[PDB]
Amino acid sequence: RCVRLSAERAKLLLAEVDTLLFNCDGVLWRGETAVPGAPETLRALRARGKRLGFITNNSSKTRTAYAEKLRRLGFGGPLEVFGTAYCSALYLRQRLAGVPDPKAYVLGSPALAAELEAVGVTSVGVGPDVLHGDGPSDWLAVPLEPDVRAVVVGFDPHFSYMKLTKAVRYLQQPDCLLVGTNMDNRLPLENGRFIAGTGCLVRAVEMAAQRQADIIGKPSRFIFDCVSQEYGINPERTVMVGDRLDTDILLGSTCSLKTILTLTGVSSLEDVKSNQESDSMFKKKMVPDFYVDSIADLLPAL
């Protein structure tokens, strides 16, 4: 029952909500360029006493980096950003609490490794690992780091058959964990362009390792739990604003949060139309409570 948002309805909701959780890409900005009116509306929400949070499935930037980008583009400051890097670090903290010196093989960014380092998890394998040796015997003979207790698959632009081989070898130990930052098929880019998502890499590792990975990012509930551990979210008085139906809006529906769809990003009203037709009850979960052309549309009520 997607309602079209008007200034009157926006005022009504704003009275009801104290916390707003936003996806960054496709909602607040595309690339390094801000959505028209978005910085001012978020500044105004802060002035009206609303608490702002940010949830992202990208593992390439640290919390402080996302916060600096928000500050430079005028969105303000209080941390308020919850990305798959930080939340992956928290997951590994929880699942490796008993390990004395946990080490993880990270097919991912320096930011993911830094976030793991902050929670006490040493990371190995960030960066290039180009193929060496002419056959499987050479590839399977390469020495591995000792005491590796987890394999974390993030956005690895250096992904190679060597990293897949080392990951599978680490995962031959039953105690070893397999964690994926997200399961997205595509990473949205500017101008409607896209590149391969972390989900492709994670699925390669899963298939080779005959394992099912634990997914940290949206639509997984783990990212909401990571936000709630610090915010203490009240589902009834909290709203999730997002651009993608399969990740942001589904997360909102599963966690009983109010949902707003912004049409500045990947998803559009036509997609919601197909979802409103009952092919599956799940697709009904992928429908927003309200829709806005842009987040600046909250400025009339603010």
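Numbers for residues come from their place in the sequence shown, where the first is 1.
In this entry, no coordinate-free residues of the deposited sequence separate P128 from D129. Remark: stretch with higher mean C-alpha B factor among 31-39 and 60-68 is 31-39. Looking at 108-116 and 186-194 together, the entry lists the larger mean B-factor for 186-194, computed on C-alpha atoms.
Annotation for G135: C-alpha temperature factor in the lowest third relative to the rest of the modelled chain, per the entry. Looking at the C-alpha B-factors along this chain, the one for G76 belongs to the highest third.
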